[PDB]
Structure formats: C-alpha cells, structure tokens
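Have a look at the structure below, then the notes.
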Amino acid sequence: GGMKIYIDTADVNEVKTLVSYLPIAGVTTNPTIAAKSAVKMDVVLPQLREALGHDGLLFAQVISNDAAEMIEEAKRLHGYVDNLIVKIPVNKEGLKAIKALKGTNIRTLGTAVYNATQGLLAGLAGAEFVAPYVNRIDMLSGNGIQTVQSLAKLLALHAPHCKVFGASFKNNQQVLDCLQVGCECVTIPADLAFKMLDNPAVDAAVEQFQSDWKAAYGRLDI
Amino acid sequence: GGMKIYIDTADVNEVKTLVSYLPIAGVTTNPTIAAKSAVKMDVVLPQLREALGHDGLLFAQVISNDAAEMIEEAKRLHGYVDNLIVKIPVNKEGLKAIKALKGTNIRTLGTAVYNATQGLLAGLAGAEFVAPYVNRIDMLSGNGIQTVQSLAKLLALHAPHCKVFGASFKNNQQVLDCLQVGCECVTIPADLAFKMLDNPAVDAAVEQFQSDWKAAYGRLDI
Amino acid sequence: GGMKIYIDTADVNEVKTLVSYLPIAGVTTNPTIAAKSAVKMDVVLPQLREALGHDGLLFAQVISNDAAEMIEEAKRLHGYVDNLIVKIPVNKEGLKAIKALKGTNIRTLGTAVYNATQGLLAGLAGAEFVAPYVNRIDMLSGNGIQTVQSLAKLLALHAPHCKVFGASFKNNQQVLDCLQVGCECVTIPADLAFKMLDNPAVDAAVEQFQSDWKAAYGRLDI
Amino acid sequence: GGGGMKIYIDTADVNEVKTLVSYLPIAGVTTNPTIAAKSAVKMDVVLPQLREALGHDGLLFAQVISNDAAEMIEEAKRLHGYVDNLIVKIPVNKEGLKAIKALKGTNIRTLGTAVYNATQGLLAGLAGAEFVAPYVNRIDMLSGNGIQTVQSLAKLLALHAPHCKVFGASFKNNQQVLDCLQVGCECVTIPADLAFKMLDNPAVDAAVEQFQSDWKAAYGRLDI
Amino acid sequence: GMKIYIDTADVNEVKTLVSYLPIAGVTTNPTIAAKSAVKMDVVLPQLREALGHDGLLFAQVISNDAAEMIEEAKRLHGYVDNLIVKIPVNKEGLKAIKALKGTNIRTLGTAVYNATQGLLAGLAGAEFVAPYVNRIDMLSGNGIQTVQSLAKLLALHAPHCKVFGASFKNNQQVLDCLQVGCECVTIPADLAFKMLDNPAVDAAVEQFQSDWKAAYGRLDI
Amino acid sequence: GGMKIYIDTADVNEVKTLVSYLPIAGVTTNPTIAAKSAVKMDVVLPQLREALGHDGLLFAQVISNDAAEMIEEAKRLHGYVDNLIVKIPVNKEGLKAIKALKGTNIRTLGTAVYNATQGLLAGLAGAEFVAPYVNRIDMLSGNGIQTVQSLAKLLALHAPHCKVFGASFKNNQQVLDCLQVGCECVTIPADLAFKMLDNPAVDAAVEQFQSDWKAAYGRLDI
Amino acid sequence: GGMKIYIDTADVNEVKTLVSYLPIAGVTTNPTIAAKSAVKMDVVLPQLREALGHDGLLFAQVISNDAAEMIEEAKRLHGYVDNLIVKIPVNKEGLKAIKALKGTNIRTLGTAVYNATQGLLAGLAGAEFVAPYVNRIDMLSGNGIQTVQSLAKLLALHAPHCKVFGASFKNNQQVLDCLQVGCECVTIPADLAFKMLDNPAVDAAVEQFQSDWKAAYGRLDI
Amino acid sequence: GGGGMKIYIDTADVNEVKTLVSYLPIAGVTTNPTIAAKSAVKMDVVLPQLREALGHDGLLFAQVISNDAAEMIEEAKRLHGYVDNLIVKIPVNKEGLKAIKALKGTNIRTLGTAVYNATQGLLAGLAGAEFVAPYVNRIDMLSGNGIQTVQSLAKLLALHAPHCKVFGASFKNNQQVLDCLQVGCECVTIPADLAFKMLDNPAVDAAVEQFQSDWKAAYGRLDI
Amino acid sequence: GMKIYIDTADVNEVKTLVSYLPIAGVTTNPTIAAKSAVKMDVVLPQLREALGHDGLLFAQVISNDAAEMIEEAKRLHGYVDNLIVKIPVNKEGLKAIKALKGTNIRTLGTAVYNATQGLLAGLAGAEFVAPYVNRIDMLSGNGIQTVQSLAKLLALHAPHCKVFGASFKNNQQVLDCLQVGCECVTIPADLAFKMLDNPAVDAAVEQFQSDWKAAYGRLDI
C-alpha cells in the first residue's frame, strides 16, 4: 500500500522537509534518538504525526528492563498518539511483554534483533514486526543481509503474521538489499534520507537536456 | 496486450516507416530527441499520433527544474494529445511533481534513472513507469542489466502499480535482456530499430530456399 | 493433447511408415524439402493428410520476397488442405504479411528464426508459432539451445499467444533439450525419426529376456 | 493424501513377498522375464499366487516376450486376464511402440520398460503408456547418467505427456531409490535383496541399546 | 505457533521456559527421563500442568519386540491427553507403527539416521519422523542434507507425515532445519536457556537507557 | 604444435582442397569412411599422405574381431605409410590388442568409445588416444560433452600419456565444446569442414568494407 | 608493458588529443574508417605514427577478395610504416594469405571474427591476433562476451601464440568485460574514448573538495 | 611475510593517530581535502606532525586541489617535499590523468583517487599510478556495486597493469573492509570512528567475564 | 602430523587418547582448567609427560589489563617448554600481543568471534588465532564462513598467522574447518572419545570374523 520507507528521527523539522518530496510512510524513534532532541515523548509524538501529514505508523520504544514495567510503558505510549506501535527489545523480559500484549490492540515490534533466532521467537510470541540492526550485524559478524534473508524466510514459513522491519543502515545498497530479500519495509536515518537522491548523473543529464532544448527552440518553454 | 516495443524518436517519417512492418506500441521522446526535430511539442505530438496509426501511448518530458513549473508543463503536455504520459526526471524537485500529480489523470514516468534507489522512490511516489538508462548505466557503473533486474523485483514486491520501462540501448541483446529480467516494455532508438531484423544468415537461407525451388519447378510459383 | 512430435518431409511413403509406430502429430514442409520430392503442393498436401491418419496440423511455406505476394500464396496454401499453418520467413517483408494475416482465419508460423529478436517480433506481430533453426544456430554462433530458452521465456512473458516450434535437428539430445527449455513442439527430419529408437542396449536386453525364458519354459510362449 | 502406492518389490518369489509385505508398506509386485524364469512357474499360476501373497489389491506387473507387435498384443491380453489389476510391461522399441499404440483406449494399461534414455520414455508416454521404467543402475553402467535421465524424463512428461509417470527400476542401493523419488519418480520397484537390507543401520541399534541401558540403570528394569 | 518444543523431563525447567518462551510442548526420550528417574505416569501429568496449555507431549517406548511396544504405547497414551508415542524406526518399530495406524494412538518415528527409514515410517502411518541432526553430523556429516531430502520426499510421497527436528547443539542447526522443510523442532533445555542471552542486545539496551538518563534524569516515560 | 584439426575422409580431392586454406593436422579413416572410397588401404594411405602435404598423423582402423588378427592387421597398417596410428575398438578383444601393442612402436587409438569407462581402460592399457563418438553418444544417452569432459579429466589424473581425440560431429559448437573441455585434437567430417567458415555476416561485413572503399577512392586499390 | 588500450580511427588530430592524457597503445584502422578520412594509406600511416608519440603497433586492413592479392597488399602496407600488423578478414581466402604470410616478417591479425570457430582457425593458421566484433555479435546472436571468453580459452589451450583483440564496442562495460575474460588488448572508437572518463560523480566530488578547502584556508593553495 | 602494511587511518587529527597507533597495527595515514580542512592546519605543518604521531616511517597520503594538470604537478612536488615517504593523491579525470602521465618515472609516486568505476582505475594504472582508491561506500550509494567494482578492478590490474594495486577507501562497517581485502585489495584506509569501534564485540567481553568467574569460583582469586 | 589437539586439563584423558589417537598437543582455557582446579605450574608438566612427545601446549591468561597479561604470559611460558600463551583479542589483548611480539613467547589470539579481530591479531604478531566455531554458530550462525574468510584473509595479508579451529560439538564442524583453511584444530575430550566409535565399523568387523570362523574354525591366520 506504499508504506515502505520510514524515517528514523525525532526532529519535527526534518520530517516536514523530507515528507515534502519523499514518499515517507511514517516515523520511528528509539531512546537514543529521542534523547538527542531532549523532548518528552507525550509532546514530540503528536508533533511527529502532524509533521508527517498523513495517518502513517509511528514507532516508540520502551526503556525499562522489567516486563511488568514494559507493559505499563507500552500502554502509556499507545495513548500518547494514534497509530503507534510499541518497540520492545527482544530479550528475556522483552518476550514476556510481547507475550502478554499479544491479542490486545497494542501492536508490538521486536527491536534490537541481531540474529534470526531472536527474530523468530519474537514473531512466535506475537510481535507484528521484528527489526534487525543490519549495519550493526555487519560490524559484529558481517552477515547483515544474510540474517535478514534467513529471518524473513523463517517467518513466512512458521509465523507469517510477523514481518521483518529493516533498520540500521549506512548506504542505499543495504536498504535495497533488505527490501529485495524479504523485508516488508525499512527505516532509514535522516542523514541517509537527505543523501538518497543526490545523483550527479541526473543533474548532468538535465543540464544537457535543457542545453539542447534552448539550441533548437531558443527558450525553455513547452 | 502486445504493447511492448516502443520507438524513441520525434521523426514522423521514421514512425511511419517502422510501424508499417514492425509491431510498434508507441512513441517516446526526450528533450534531446525532440530538439533534433526542433518542431514544437503541441504540433509534433498530434503528428506522431497520426503517424503511429493507433491509439498507442505517447511520452513527452518536462524541461523546467522547478517542481511547480514541471506540474504546469505536465498539464500542458497532457492536453496536446490523448494517451500521453509525462516523463519526469527522478530528482528532488521531480519527486515533488510526481507526488503532486499522483491521483490525477496525468500518468507520469520516472526518467533519468541511474540506480534502483531513485526508481523505487519514483514508483512509491505515484509514477506509473520508471525508465533506467541501461547503456548510460553500463558507462558509469557497468551494471545496467543488474540495475534493471533489481528494480523490477523491488517494484513487483513493494510498488506493483509501477513497472520498469527499458530505455537507452545500443544493441539487440541489451533489449532482450531487459525484457527477460522483468521489464514491462522497451523503447529503442530509430537507428537500432532499422538494424534489428538485419540478419545476413536469414537472407542466405531465404535465397537458398527459392533457389532450390527454381531448380525443381523452373519458377517461383506455388 | 499429444501433438508434440512433427516430421519434416514431403515423402508420402515415409509418413505412412513412421506414423505406423510413432505418435506423429503432423507433417511440416519447406521449399527445399518440397523441391526434392518435385511434387506440386496442391497434390502432396492432400496426400500427406491421408498419410497422417488424423487431422493433425500441416505446415507449408511461402516463396515470394514481397508481402503482397506472400499473402496471396498464404491464401492458396490455406485452401489446399484443412488444418494448415502457413510458414513465413521472419524478415521485413515477412512481418508485413504476418501483420496483415493477423485476425484472419489463416494461422501463420515464423520460420528462419536465428535469434530471439526476430522470434519475439514475429510473435508480437501475430504469428502463432516461431521456428528457430537450432542446428544452424549452433553452426553460426553455437547457442541454439540458449536462443530457444531465451525466446521461450520472452514469449511466455510478453507474447503468450505465440509458442516456440523447434526445428533443424541432428541428434536426439538437441530435440529433448528444446522440449525441456520451453518448446511447445518440435519437428525432426525423417532420417532422425528412423534413427530415434535405435538403441543396441534395448535389443540386447530383449534378447537376454528371451534367452532366459527359453531356458526355463523351453519356449517363447506365455 | 499420497495414496501410499510408492514402494514395489521386483520378484517372482511368493515367500519373499509374504515376508516383506508383513512389515514393509509394499504397494505391489513387478516381474520381468528373467525374474519370472528363475521361479520356473508359469505366469498363469504365479500371478494369482503373488496377488494372494501381496495381501491387498495392489498393482501387479508382467512383461511380454515376443518381438512381433501383433504377438505382443495377444500376450498382453492373456496376461491381463490372469489376475486383476495387472499392468502389462512392453519394451520401448519400434514393435513395442506399435503395441502401446494399439493398446491405448482399451482396458489394458501398459508400462514402457527397458528404457535407457529419455527419448524412449517420451515417445512411449505420447504413444499411450501410463508408466515408463528407466533402468537406473543399467544406465549408470552404460552412460553414467541414470539419475539425470530420470530427472529429464520426468520433466519432459510433466510438460508434454502428463498422463504418463516415471517408474524407477533397477536399483543397487538406497541412495539411487531416494534420488529417483526426489527428481520426479511417481514410484519405484526394488529387488528383494535390497528391500531386506533397507532398514539395516547399526547406528540405530546402538542408540536403542543406549536408551535401554540408561533405563535399566535408573529404574532397575525395562518397565514403563 | 506450534513450532518450538523442549526436550526435557525437568518440570521446573518447563515452568521457567514457558514463562517467557512460546513453548509448543514437551518431548522426552528414555535417556532424558531416566536422568530425572521420575516415573512416566507421574511426570507426564506434571508436564501437562507445567506447560500451561494443551500442547502435544511425546514419550518413547523401550522394548525391542513390536508386541511389547504396542503394550507400552497403550500405557503411555493413557497417562495424559494429547500424547504421541515415539517409536524407533527399525523392523520391529515399523510393525508397531503399522499396528497403531488407524487407532487414536498417533506415532512419531524416532532414531532416524537416514531418509530411507524416515520415508518408510511415513508410508507406514507415522505422523512425524525425527532425525537426529547432530548425531547424523557425527556419523556421516550430512544432518541438514538428510533433513532437507526427507522433508521433500514426504511432501511428494507421504504428505500426512512431517519432519520433526531433534538432536541439536547450536541455534544454527535449529534454524537450518526450520528452513529446509521441518514442521517443528525440539531443543534441549540447555540450548533453550542459551537461545536468548545475546551480549550485543544487552549492551544495546544499556546504551539506550544510559542515553535516556543523561537527557532526562531517570527511566521515566 | 598446431596439430589440432584433423579431417575424417578417404577422399583425396577433399584432402587437397581443404588443406590449401585450412590448418589441417592430418587425416582419419574408419571402415565405413574407407569403404565409401573403396580403394585399398595399402594404396590410399600413401595417396592421403601426399595429398596432406606434410608429415601429419594418419589413422587407420582394424577390421577383425579376433585379438590376434587385430595385431596382425595393426602391424600391416603401420607398414603402409609413416606416422600412422592404428585405431582399435575398445572392446574385450580390442583391449587385448591394445595390451599386446603397448611398448611397440605401433601407437594405438581407442575408438568406438561410448562412455568414460572404456576410454579410461583403453588409456591404462597403453593407448595413445581415445576417440569418443560425441554425436552418437548424444543420440544414445544425450551426454556427449559430459562424457568427453569426464574422460579428459580422468586421463589427466590417472593416465596422462593418453589424450581424448574428439570424433563424430554434426555442428561447429560440438567441436568447440570438445576442445574446450579437454580434448587434445578433433577430427571432423569433410562436409562439416566445408561449412565451417561459411558465415553470411562475414561476407556482408567484407562487402560493406570494400563498398565504402569504392565510394571514397573510386577503386579497390591500396 | 602497458599496451592495452588502442584507438580505432584515422583522424590524426583525434590521436594527438587522446594520447595527450590517455595511455594509448596504438592506432587501428579499417577500410570504412579509412574511407571517412579520405586519405591515402601511405600518407596517413606515417602521420598516425608521429601523432602516437611512440613506436606502438599500427593496424591496417587489406581490401581485395583473393589471397594472392591480399598478400601483395599486405606487403605494401607493411612497407608504409614500422611496427604495422596487417588485418585480414577470416574467410576462405583470408586463411590462405595468413597461411602464406606465416613465417615471414609480416605479422597478421584476423579480423571480422563473428564466432570462435573462425577465431581458432585463424590462430592455428599463423595469425598473431584475432579480432571479434563484440557489439556486432551482440546484435546478431547476443553472445559477444561469451564468444570472446570461449575464443580466449581455445587459443590459450590450443594456439597460445595467438591472442584475442577485442573490437567493436559501444560502452565501457563491454570493453572491461573483454579484458576480464581473456582479451590481450582492446581497440575502441574515438567517440567512446572521449566519453570514457565522463563521470559527473567525479566532478561533483572534486568540486566538494575545493569547496571545503576554500572554507578553511580561504584559497585553493597548498 | 606480508610486510604488515595493511590498515591505514583516514584522518588529519594528530591526537587520534597517536591513540590508535598505540594499540592497533596501523600502517600509515591518508588525507583528503575535506579531512584536512576540518583540522584547519596547513599541509606543510600537519604532515610532519602526522609522521611523528605515526611513530614509524609509514606511508603518508596527501591530495592536490587544483583542476589544471600543470598546477597539479606543481602541487604534487610541494607535497612530496613536506615529509618523507609521501604518496600524492590525484583525482582520476582527464586533467588528473595528465599529471599521472607526467609524474611517471619520477621519484613522486601517485595514487588515483575519486575512483567510482573500474574504467577510471584501469586507465590510472596504465598511466603510471602505483595505487587506485575506489570509494566503496560512495559507489554503494550511487550504483550499489562497490565490492563488485573493487573485485573487477583488482582482477583487471592483476592481468593488465600489475604495477598498480587497489587501495580500498570510504568504509562504514567492518564487513566492507574485510570484503575488499578478500576480493583483491592490497590495503585499506578506514575512518577514525570506524577504527575506534573495530574491536567492539560484547560477546568477547561476556566470554572473558565467564572465564574469570569460573577461575574465581575454583581458585578463590585471579592468580595463575 | 600436528593437526589434532585435545582441549582438556585431564591428564588421564590425555594418556588414554594418546595411546591410540595421533594427538599433536593439549590446549587449555580458564574454564577447563578451573573445572579440574589443578594449579597450572603443576598440571602443565603433567600434560607434557602424558603427551609423550614435545608437542605444543597452550595456556590462557586471565587478567583484564595488558600489563598483568604480560606478567601472566611470562609465568605460563616458564612452567613448561614449548608453551604458547592464549590471549583474548580485545584492545588490551592486542597490546599484550604487540608487547610479546619479537620475544621467545609466542601467542595465540583466542575468543575470536569475527574475522576482524582475527586479522588484527595476526597483524599484531599472533602466531595463531582461534575462532569459537560453535559459539559463533550460536550468536550469528556463520561459524564456518567466518573461519573460511579469516583463513583466506591471513593467507593474503598476514601469512605468519594461521587459523586454529576451536569450540566444536560434532565431527562435521571439525572437518569443515580443516577443509576451509584451518592449519589445525583443538577438540574437547568428550568429542575425541566419540570420534572413532562407529557402529557400522563394529558390525562390519564382526561380520568379517563371523564369516572367517564359519569357513576355517577360529580367528587363525
């Protein structure tokens, strides 16, 4: 349905700028990015929905290490804005929160995925999305794309209600590879989104098109 | 639907000659091609429709660098003839125009595509076609067919309303490879279309056929 | 339906012999083979129909070099027998005749195909079949099976109403490879058809069976 | 579903059929002139015995001997009348293809045997044969491409003669049998000596001994 | 969601693992049960209770003759509801699988070392077959290849039977089996306890809360 | 050493014509080929040596089925001309003759090879060459090139004194594939050798070259 | 030695311009390119030698259709400049001239190569190089790189004194693929040579470097 | 042998060079106009400082700025005289290829930088460059074939210009660096931020903690 | 013949394995040594004696700081002849490897989880690097691929360093490492005891002597 490219930021101005010319599907956040803006979640989240311009999905992450405390924070985040999915780190306490929140109206995402094992367990526990850190896996074991491919294949066979949500990217080739091996969508950092379209070949092709047009018509009109 | 082989020219005589013996689906133009004929678009587009002989799709490209001007030029091009698709370069300003023209009856094509990134973004923005420059990509990075194959798979998975439209060819095998890796249709320059069926082996086989027919019947009658 | 193995000949006696033990789908002809028999087409075609034993497809080829004359020859050939498909060489003039014969009751086959370019153009023009000369391609460029495989894919994707009709064979593996890579049917020369089942290992096994059966039961009875 | 008709036994020995069908999921019995001649019992007598030894109404397979097509047809009718659910095996040569052609549309289903290449199997399938049986191990002996021949033949039939399936034959080890069933064979027929050794795996016996050795050490006996 | 089974007789380990892992059921074998040395007719109701839901339970026969395997299968099946009896795939095991087919006692063919015994068990009526992946890797080095071939053979020729991966020593064997055609897997408890502890995840989580305290003050949200 | 392309004929005129423009390494014969010319071996072998123009290898084949007679026929064939290699069929009796002729100056070639088994046994028995019938193997089992590739690797590993000598060809690509998978040399029928360089594209390119040379210089002088 | 990139032209000014910044190994010519310049060979060849700047190899092609005349034209061409190799079309008459010119001081190149058969025959005949028309092969059969790869292997195995000289190119990837699959050297048209280094991404990176250096040091000095 | 000259650091910060070279096997320092402009220290001053911070006589890399070939040659001579063992980086364009041509045979070794395809790298190698540096991550950004470009370029140089080696540059993770070194790169240069995080592996810290936790439990302390 | 090493501190297990297996030497780590709880300066001479030849012995440091790693490396190296000191490849471990390079104390880089730390250790002067194959399979599932890449990287860029396979759970992991570029491997004792016991070999041997008794009478030859 076109909900494919998400932006990983907490700055409202960057969302309004990028959504004005890019098909942005929504905004994702994490405790580090939210801490950079130094703005409380119950205020910046309504500002990110307004900046987006459409009814796209928003993502916010819990911070507590206790499962019973993750569930409390998940309910508060779900009430801060509309169409919000709670991000839960896939660990022992994280799966408890994903398990308890299964069946309710609070959709969850299993984040901080570093291997296909934790991604599959989160999908079986009731998570709608799992988010592997592609570039961090490349740093630690050098098989980021292979992990995304294996995880997406495992979910399609054994837990089809859970899709892979690509995260942690440093270049366009990583983003496209994930979408090509089974990801349902991806989230990209702001600096990557601004550098996505600058292709010097396109600018050189347009300036040659306009140069030929002026030589044959004397103007830039059509 | 038999709408596969498009011709890339603004020369009316070349359109009439090729469509008489080839299954031509339509005509594509770019500012450089249109400037070669140097006849205004509001005049040459009705001539190309008449020369085509059927209601096949026609393709014209905007000239301006400003997004607001591209939208104005796209609406004027759409009114010059029927069944015309506006070609828009996939840059930052061009993606604004594709975003604004989505939903309208002004179907758009994302041209000047050099990588699968801009092609995917154009399809998600609302473009009906995306046109990678196969031979120009072979010049800059040497992965023209690979770019087409990746972009076609990405669209089939994440933006099925958009298709890949092969462009920029220098030999027959580039054309066949694009159609083999997932292209919906191709547009070829006129000089290439005149050399496609040129096969000396076929002429030798046809000559040998009728030569053996004379030796047995003394005539070319059947 | 079992219409897979066609025979390329004009000898009426050879058809009666081979159809006696082989599932022959029909008979194909060409000007060179028809010239060897030195028999007029209006006489040999009704003979081949009766020799075939069923209403299988027959194939006859035009001989003129101009489209307006290929059409006239195709109409007279279509009136000599029932269930006849006209073979037309895939060149500039041949594509004009296929274009004009499209929509009529006269079905056409594109012959003298040496590459996938002319095979695809003939299929898009309205030809029901296209016939690559496999062994002749192996002689000139050495990619006969690869050409058939590519052409079969291109038709399935872009012109599914046209099928590949394998022709020009010298051994059994060429025939079987064509049927395995997408050929709807094949035509083989009569010399190949008489040598298809020639397998000394089969005859040696049957002789061993009869030898053991005579050693036990003292007879060849059962 | 599947039907379960997958493993056939290639023998004419009644005692072996009874023993193997008692614990193995046997689908039927196949014979050939060499195998039937070893038992030295006439076909009108051994075929009813094999049907009784099989214990169910599985398919039986018997082969003609004559070289003449008209005599093959007469032998095929007599074999089809010796027992119920019998498929006649016919060698895939010129005269055998005549018999397969004449027997199509009748109530006598045929199998194309003595297949050494994919050309024989494809022609037999187009001629009207319900099954074709390549001799896998004999092909490996002559040209070393037994599995490749089976895979090509099964693919050619699936695309061009879907009413004909491949029937794997002539095997010497379990790997050949499993490869054929994996590359497109509908079913296989195995010799008796192979069927008796299919399950022989000393690793399984060692695991079973270890399981009960641990059970005796902890509970004192083998009670559960 | 019936994908991950636990291979143990430790009721306490089942209660701990089920509190945070999506456990489908519990499998046992003679060695695992004998280690705890708890009688089957008591531990099986305990496993059903500890599991928390009505998932499948698996218990294995021990005798060598088919007649006693049937007697043991009938007793095991009566100890708890929804129990599948594991039977080693040998000649006597194939007789017991055949005799039980058509009754309410479903069977699993265990101690599978090649695809031949797996296919014969499926054709004989077994609902599952369980190759010993790590033990095959020890003897012939083709554990995953055997599982892959067996899964495809069953899908083509015995679709009522499916492959049940067993005998694992690392997470990668488990994920390979689930990718090459396994319907489900059973993993030992020690492996299940080591599945989730990932040092990179812990470091990433602590870095998140460390940045949160520095920008706001504490773990408030 | 440039001894790669051999010709398979007993026709002296065909040897003279081909060697005048082709790098022919020698002449090979078999009982069927020699019977086509029907001139005795002790007479035709000196004629083929003269027609060849150089001291290239000649190949003659024994006729008898008895091993002792093959050895007598091999010694007589060796005395008819110089640089002659005796072709012996690789059967049970033929392997006796190869075993007995090992060590002598009567170099032997193992012919009538249909699988890598008999070829390997012939090389281990003392044969200098082994000749598989590529096109006949393609007829019987459809693995002609695979048989050649396996036999060449087996000899290079276990009997390096023996090489594979490609034979029985029906098109150019079979010849090139054999030389590409490890054949030392090939022998082709005369009809194929006359059709090798026959390429209509080359004639069209040469015609276009001199045609453009006339338009600029008015002559074909340089 | 650095003799890899040759230029296919007869324009003396273009050689002086391209050799000023490119490692040009030499200049190749053909009758069609030589006809465009309309300059006699005895004059342009000494001009191209001085324009090249070093004693690199020059290439000139014969024009006659008979071998006895190709030899005479090859001798006169060899006497116009130093270090010249004569290009000869690989046909029946061309192989006679290569055969006769073998052993002499006149080195030959086999041109107009459309398949590996004629490339191998020319190498075995005594040609130092063979030149496949890559782009023309891609037009007729679509296996230009595959043909070059096969020919390079066949020569390395069976005629190692002959190398493959890639010719007829339309983009950079065709050239690089040929050098990667076994081409000793390549020749490119002048239009391709002037467009080789055209990369807008390189120019955009150099402009960014100078922009940052002016922001820090206030100058472009260092 | 190997020589050990494999890992280069891409920075102009003297403090980072000292810190990283103290525990990492650093071969040298590479610079570019953007990196050098961040330090805002003139090249005749920072290059002697980087040589001192490196601690050994490793190779240093500095790049020209001018667009004119004759000015590039003058800038290359001044850079070569600022420190010892300095290789001049020159962009691979038309004017840069003129400078590489003129600088061959002299005592000034050159590197071909700003390489986005294999055509630039091959021409620079034939022109006389000792190294060529493709921007891996920038190629991935533009055409998504960074590693493929490096592998093709290294193969083309090994076959046609063996005096020129590939120098991997522009990296964002360890996987890109290792891929380049595995597909044919002679050496790589990495940013400072990447070099500081190369060894970060929480799995290693967990294994070390477990080793000493087992050691304390058995011996009482961490004595050995 | 210096290919198979045993990962144990059990002197008795070394004496048993060396009696029939071609053992090249003995490797230890803190966990394996602490289990037996025998002091290093005593067990290392015992391992040298039990080995029977002068093969390499391996012992690992335990401190966190490089300065104390050097002190522990000097003490370990003095406990027996031909001892290589294992050092974890982290920032402090790389300092100790660098400080020991050029001395008579050769080092091995252990606790290797990716090819990056393996290559840096080789460039820093380590004679061996030891990836944890089974532990990598647990965390990222690419243990053999990591060993293969690391072996090729060292052959190209640090040829003085070689890969030393460690952390195994079946024979197939061991053979895969030796095929993708490992110079040698170290295997736990339990794996070494289970390498040779093959039920098919025992059945084949007993069938040979059963046919021999039936034809002659007894095991006479």
Side-chain angles (χ1 to χ4, degrees), chain D residues 204 207-224, chain E residues 2-18 21 23-63 68-89 93 96-97 100 105-112 121 126-135 164-169 174 184-193:
Chain D
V204 178
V208 173
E209 275 183 313
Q210 187 62 51
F211 278 145
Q212 52 198 359
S213 180
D214 299 338
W215 195 267
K216 279 187 294 295
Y219 299 100
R221 254 89 65 251
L222 240 47
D223 292 61
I224 193 174
Chain E
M2 299 304 182
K3 298 298 178 174
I4 306 298
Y5 293 77
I6 301 299
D7 202 10
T8 190
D10 193 329
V11 179
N12 270 258
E13 288 175 344
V14 179
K15 274 177 289 187
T16 302
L17 292 174
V18 80
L21 292 178
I23 299 306
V26 179
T27 67
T28 65
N29 62 70
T31 299
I32 282 186
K35 190 94 193 312
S36 313
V38 50
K39 45 205 296 283
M40 293 302 305
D41 57 351
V42 174
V43 69
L44 287 178
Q46 289 179 329
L47 293 179
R48 161 68 61 245
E49 159 228 313
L51 186 60
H53 58 89
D54 214 9
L56 294 175
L57 299 177
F58 295 79
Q60 186 175 326
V61 300
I62 42 184
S63 173
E68 188 64 24
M69 293 186 188
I70 292 169
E71 297 302 303
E72 297 171 353
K74 289 184 295 182
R75 286 197 296 272
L76 287 172
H77 179 264
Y79 291 160
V80 275
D81 72 318
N82 277 271
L83 180 121
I84 294 183
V85 176
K86 304 173 61 175
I87 295 178
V89 187
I97 290 174
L100 292 175
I105 300 181
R106 305 134 73 185
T107 62
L108 175 151
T110 189
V112 170
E127 185 178 353
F128 297 98
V129 286
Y132 292 166
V133 174
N134 194 78
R135 296 187 175 181
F164 200 138
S167 177
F168 298 108
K169 288 301 203 305
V174 182
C184 45
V185 294
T186 174
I187 58 181
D190 50 304
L191 226 189
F193 279 112

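The basis for the numbers below is simple: all heavy atoms, side chains too, and nothing from hydrogens, waters or symmetry mates. In the text below, chain A, chain B and the rest are named by the order of the sequence lines, each starting its count at 1.
- The line from OH of E/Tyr5 to CG of E/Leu57 is 9.5 Å long, rounded to the nearest 0.5 Å.
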Salt bridge (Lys or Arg N to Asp or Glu O under 4.0 Å) evaluation trace for D/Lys216 with D/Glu209
CA-CA 11 Å; D/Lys216 279 187 294 295; D/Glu209 275 183 313; over 6 Å; no
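- The shortest heavy-atom contact between E/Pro45 and E/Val80 is N-CG1, 3.3 Å.
- Each of E/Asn29, E/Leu191, E/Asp190, E/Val185 was checked for a side chain to side chain contact (heavy atoms under 4.5 Å, CB included) with E/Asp7, and the lone residue meeting it is E/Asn29.
- For the atom pair CG of E/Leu51 and CD1 of E/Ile6, the computed distance is 10.0 Å after rounding to the nearest 0.5 Å.
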What verdict does the side-chain contact (heavy atoms from CB on, under 4.5 Å) test give for E/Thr28 and E/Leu47, after you've listed the backbone C-alpha separation in whole Å, the side-chain angles of each residue and the deciding distance to 0.1 Å?
CA-CA 10 Å; E/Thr28 65; E/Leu47 293 179; 4.1 Å; yes
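- D/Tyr219 places none of its side-chain heavy atoms less than 4.5 Å from the side chain of D/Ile224.
- A heavy-atom distance below 4.5 Å is found between the side chains of E/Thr27 and E/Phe164.
- Atom OG1 in E/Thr31 sits 10.5 Å away from atom CD in D/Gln212 (nearest 0.5 Å).
- Taking 4.5 Å as the limit, some side-chain heavy atom of E/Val133 sits within range of a side-chain heavy atom of E/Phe168.
- Taking both residues in full, the closest heavy atoms of E/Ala126 and E/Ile97 are given as N-CG2, 3.6 Å, listed atom of the first, atom of the second, then distance.
- Among residue pairs with one or both ends in residues 126-135 of chain E, those qualifying as side-chain hydrogen bond (donor to acceptor under 3.5 Å, both in side chains) are E/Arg106-E/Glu127, E/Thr110-E/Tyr132, E/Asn134-E/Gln173, E/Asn134-I/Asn170; sequence neighbours excluded.
- Side-chain atoms of E/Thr8 come within 3.5 Å of backbone atoms of E/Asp10 as a donor-acceptor pair (strictly under, hydrogens ignored).
- Note that the CD1 atom of E/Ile23 and the CD atom of E/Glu13 stand 11.5 Å from one another [nearest 0.5 Å].
- To the nearest 0.5 angstrom, E/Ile87 atom CD1 is 8.5 Å from E/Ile105 atom CD1.
- Here the straight-line distance linking atom CG of D/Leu222 with atom OG of D/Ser213 works out to 10.0 Å at 0.5 Å rounding.
- The two residues E/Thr186 and E/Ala166 come nearest to each other via the heavy atoms CG2-CB, 3.7 Å.
- In this structure, the side chains of E/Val38 and E/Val11 stay at 4.5 Å or more apart for every pair of heavy atoms.
- E/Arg48 is not listed as a side-chain neighbour of E/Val26, based on a closest heavy-atom distance of 4.5 Å or more.
- Ionic pairing of E/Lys86 and E/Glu72 is not present here: no N-O contact between side-chain nitrogen and carboxylate oxygen is shorter than 4.0 angstrom.
- Between E/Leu100 and E/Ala73, the shortest heavy-atom contact is CD1-CB, 3.8 Å.
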Pair E/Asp81, E/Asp54 - check side-chain contact (heavy atoms from CB on, under 4.5 Å), show working.
CA-CA 8 Å; E/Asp81 72 318; E/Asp54 214 9; 2.8 Å; yes
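- Minimum heavy-atom separation, E/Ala121 to E/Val129: CB-CG1, 3.7 Å.
- Shortest non-hydrogen contact noted between E/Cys184 and E/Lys3 is CB-O, 3.3 Å.
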